[PDB]
Each structure stands twice: as structure tokens, then as C-alpha cells.
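Everything on this sheet refers to the single structure shown next.
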Amino acid sequence: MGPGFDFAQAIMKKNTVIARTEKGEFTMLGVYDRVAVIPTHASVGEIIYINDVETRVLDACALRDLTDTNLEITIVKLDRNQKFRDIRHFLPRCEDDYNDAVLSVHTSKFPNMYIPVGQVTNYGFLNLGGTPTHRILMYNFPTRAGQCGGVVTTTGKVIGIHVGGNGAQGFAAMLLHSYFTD
């Protein structure tokens, strides 16, 4: 409907796949080459389904900060025959607050879904399902089951992936450029 939704749509159309694990269907953001991200609670194994196709996982790393605290981001390298468009230049370099963000989801349950969530706070620490978690972004939207892995964008930046909510607020794990230096 406006330039926020335009950037969000461009990311969804070229840089997302539907990932299925034994824990559910997730929006999965492709970042560059065969490297993607997904919430750690997806419990990625040796094999994953990508757009309903059986795919070997070449590497999977559940990220933690240097205090050994969960970040809720798993970086996955997929044995796929095609590369993602390189979007690393859209990733923020530092932890920050944002205005006017969009959360975008693409699954069998929620196809072509876009939500204007508004202001995004650098929340920091969250007890997420009992797990102490750092680098959490917060937005005041009543997000629901089905939205985990959803992409959070502003115009020109891909800032996080949706990892949970409490019924009134939604929470995303930060994406930082430093995660994807090769």
C-alpha cells in the first residue's frame, strides 16, 4: 500500500522459502548463496523440507552471544541447486530502535501476509518460552502462532525475524551484518 510494503514485498518475493521441520512450517529468510535463517525453536535437523522438497542441511548453527546467551537465530546452509539474491547490504550493523516496520509471513496457513507493526523497540533481554534470550526487538502487535520466522523490515533494512509474542506484544531476534561475514 506504500513504500514500506513495497520493500517488504520485494524481500518476500525473492528471499523467502517455506521451511518445514518436525516442529512446524516456518517463513525462512534466504540471506546469500545457500545460507538462510530460521528461529532456533524450529529444531533444524539433518534434513528439512524447502517448498515441500526434501533438502539436506549442510550446516546449522544456533547462534549465542559471547555471554553464551541464546539469540534464537539458527543459520542454515541448504543443499539447494540455486542461490538466494545477496541481501547482506540490507542488514543493520548495530543494535537499534526503528520506526514504521512491517512483519511479512508466507506459509500454507498465512500466504502473502503483511502486518504494519509500527514502532520497534530495542528490548534486549527476554525470557522467551523459559529461555533467557538477548538482542530482542519488540513491537506492540498481537502476533499469533503461524508468524514465527516472519521477516521484519523497514524501508531499505531487513532488521529481524519474528520468534514469539505474549498476546499483546510481538518479539523478533535481531539480524546483524556480522552474523553473515563469509
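Ordering of the C-alpha cells sets the chain letters (A, B, ...); residue numbers start at 1 within each chain; ligands are numbered from 1 in the order shown.
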Please provide as a PyMOL selection string all residues within 9 Å of residue 133 (chain A), with the sequence filter that same-chain residues fewer than 3 positions apart are discarded (counting only C-alpha atoms). chain A and resi 64+69-72+124-128+136+173
Enumerate as an NGL selection string all residues of region 45-145 of chain A assigned to strand (DSSP E) by DSSP on the backbone, naming them with the chain letters and numbers the document uses. :A and (47-50 or 53-64 or 70-78 or 98-105 or 113-128 or 131-139)
Among A:160, A:24, A:129, A:167, residue 146 (chain A) is approached most closely, using only C-alpha atoms, by A:24
Out of chain A, which residues get alpha helix (DSSP H) from DSSP, as a PyMOL selection string? chain A and resi 3-15
File dump, residues just selected, N, CA and C atoms, as an mmCIF file, in the first residue's frame:
data_model
loop_
_atom_site.group_PDB
_atom_site.id
_atom_site.type_symbol
_atom_site.label_atom_id
_atom_site.label_comp_id
_atom_site.auth_asym_id
_atom_site.auth_seq_id
_atom_site.Cartn_x
_atom_site.Cartn_y
_atom_site.Cartn_z
ATOM 1 N N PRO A 3 5.601 2.609 0.532
ATOM 2 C CA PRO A 3 6.991 2.201 0.279
ATOM 3 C C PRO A 3 7.573 1.160 1.268
ATOM 4 N N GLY A 4 6.998 1.084 2.466
ATOM 5 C CA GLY A 4 7.294 0.043 3.473
ATOM 6 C C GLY A 4 6.856 -1.315 2.968
ATOM 7 N N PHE A 5 5.609 -1.403 2.519
ATOM 8 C CA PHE A 5 5.043 -2.647 1.953
ATOM 9 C C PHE A 5 5.779 -3.021 0.661
ATOM 10 N N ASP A 6 6.174 -2.039 -0.136
ATOM 11 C CA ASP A 6 6.949 -2.274 -1.387
ATOM 12 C C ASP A 6 8.288 -2.997 -1.084
ATOM 13 N N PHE A 7 9.055 -2.502 -0.125
ATOM 14 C CA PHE A 7 10.349 -3.132 0.257
ATOM 15 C C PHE A 7 10.068 -4.537 0.811
ATOM 16 N N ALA A 8 9.073 -4.653 1.685
ATOM 17 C CA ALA A 8 8.726 -5.948 2.322
ATOM 18 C C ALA A 8 8.400 -6.971 1.231
ATOM 19 N N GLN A 9 7.586 -6.577 0.249
ATOM 20 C CA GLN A 9 7.148 -7.467 -0.842
ATOM 21 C C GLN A 9 8.343 -7.923 -1.679
ATOM 22 N N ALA A 10 9.256 -7.018 -1.935
ATOM 23 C CA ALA A 10 10.474 -7.338 -2.738
ATOM 24 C C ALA A 10 11.291 -8.416 -2.005
ATOM 25 N N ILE A 11 11.438 -8.279 -0.700
ATOM 26 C CA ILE A 11 12.166 -9.308 0.108
ATOM 27 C C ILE A 11 11.387 -10.612 0.064
ATOM 28 N N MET A 12 10.063 -10.595 0.300
ATOM 29 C CA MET A 12 9.296 -11.861 0.327
ATOM 30 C C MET A 12 9.362 -12.592 -1.001
ATOM 31 N N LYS A 13 9.250 -11.867 -2.107
ATOM 32 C CA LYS A 13 9.094 -12.490 -3.453
ATOM 33 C C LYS A 13 10.401 -13.189 -3.849
ATOM 34 N N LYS A 14 11.556 -12.700 -3.410
ATOM 35 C CA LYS A 14 12.826 -13.259 -3.913
ATOM 36 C C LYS A 14 13.618 -13.976 -2.806
ATOM 37 N N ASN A 15 13.430 -13.618 -1.526
ATOM 38 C CA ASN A 15 14.368 -14.036 -0.450
ATOM 39 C C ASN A 15 13.666 -14.887 0.613
#
What does the distance between CA of residue 107 (chain A) and CA of residue 18 (chain A) come to in Å, to one decimal place?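 So the answer is 5.9 Å.
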Surrounding residues of residue 177 (chain A) excluding itself and chain neighbours under 5 positions, 10 Å, only C-alpha atoms, as a PyMOL selection string: chain A and resi 87-94+159
Serialized selection, C-alpha atoms, as a short mmCIF file (atom, residue, chain, number, x, y, z; two decimals), in the first residue's frame:
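Generated file (part.cif):
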data_model
loop_
_atom_site.label_atom_id
_atom_site.label_comp_id
_atom_site.auth_asym_id
_atom_site.auth_seq_id
_atom_site.Cartn_x
_atom_site.Cartn_y
_atom_site.Cartn_z
CA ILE A 87 20.69 -9.09 0.67
CA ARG A 88 23.54 -8.69 3.24
CA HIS A 89 23.79 -4.94 2.33
CA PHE A 90 20.21 -4.51 3.78
CA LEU A 91 21.28 -5.83 7.26
CA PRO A 92 21.95 -3.35 10.08
CA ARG A 93 25.48 -3.22 11.53
CA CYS A 94 24.41 -2.38 15.13
CA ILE A 159 16.15 -5.96 10.82
#
Residues within 12 Å of residue 76 (chain A), please, as a ChimeraX atom specification. Count only C-alpha atoms; anything in the same chain fewer than 5 positions from it doesn't count. /A:19,28-40,42-48,50,55-63,179-180
Using only C-alpha atoms, the best pick from A:20, A:137, A:153, A:105 as closest to residue 169 (chain A) would be A:137
Using only C-alpha atoms, pick whichever of A:144, A:171, A:67, A:176 has the shortest atom-to-atom distance to residue 109 (chain A). A:144
Nearby residues (only C-alpha atoms) at most 7 Å from residue 118 (chain A), same-chain spacing under 3 positions excluded, as a VMD selection string: chain A and resid 99 to 101 139
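From CA of residue 49 (chain A) back to CA of residue 170 (chain A), the distance works out to 26.2 Å.
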